[PDB]
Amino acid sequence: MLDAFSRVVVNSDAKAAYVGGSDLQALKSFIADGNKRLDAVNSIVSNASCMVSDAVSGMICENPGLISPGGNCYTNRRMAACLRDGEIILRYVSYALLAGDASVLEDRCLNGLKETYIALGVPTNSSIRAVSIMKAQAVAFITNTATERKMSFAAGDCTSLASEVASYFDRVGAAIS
């Protein structure tokens, strides 16, 4: 896996180039905004259980066929696996946000997942809706605009971090579409 810094390193190494002042402004800002990134990750991890629960429940209340017989969440064993996958995906999205790079998500979570869900009969479209709901939740928490819970922050702009986490959630559906 790479993080924001080692991403730059990889790109520089492809040109046999040193990383110098001209190349570092983005990483100096990454550092200077690093407390906000830590807060954004805290805001997700601290609500992760409610996020996964509410997103998978939301997927099902919108498409109740998923819990009919033959539905892919029918039985406790299936519903538990689904909830388990929701938590795994959120976990990898949280690592990508902590690292400022998607590689951990793409490499360790998304690689092979489409073929797996195809093999198992896991509906990739319902999966994308669960992931979109968690996207909606995560942006709300990062910007402290969730309706049902607020947390504590020094006031400031976390637009970029919310856009970034959204991009990592969007990667999941891209991978499995």
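Residue indices: 1-based, along the sequence shown.
Undergrad: Comparing 102-110 with 79-87, which has the greater mean CA B-factor as deposited?
TA: Going by the record's values, the stretch with the higher mean is 102-110.
Undergrad: Taking the mean of the C-alpha B-factors per stretch from the entry, tell me the winner out of 23-31 and 127-135.
TA: The deposited B-factors put 23-31 ahead on the C-alpha mean.
Undergrad: Of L38, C50, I142, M151, which one's C-alpha B factor is largest in the deposited record?
TA: Of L38, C50, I142, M151, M151 has the highest C-alpha B-factor.
Undergrad: Of the choices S57, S46, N63, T147, which one's C-alpha carries the largest B-factor in the record?
TA: Comparing C-alpha B-factors across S57, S46, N63, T147, the maximum falls on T147.
Undergrad: Based on the deposited C-alpha B factors for this chain, I'd like to know if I176 is in the lowest, middle or highest third.
TA: Tercile = highest for this residue's CA B-factor.
Undergrad: Sorting the chain's modelled residues by C-alpha B-factor, tell me whether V9 ends up in the lowest, middle or highest third.
TA: Its C-alpha B-factor, which the entry lists for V9, ranks in the lowest third among residues of this chain.
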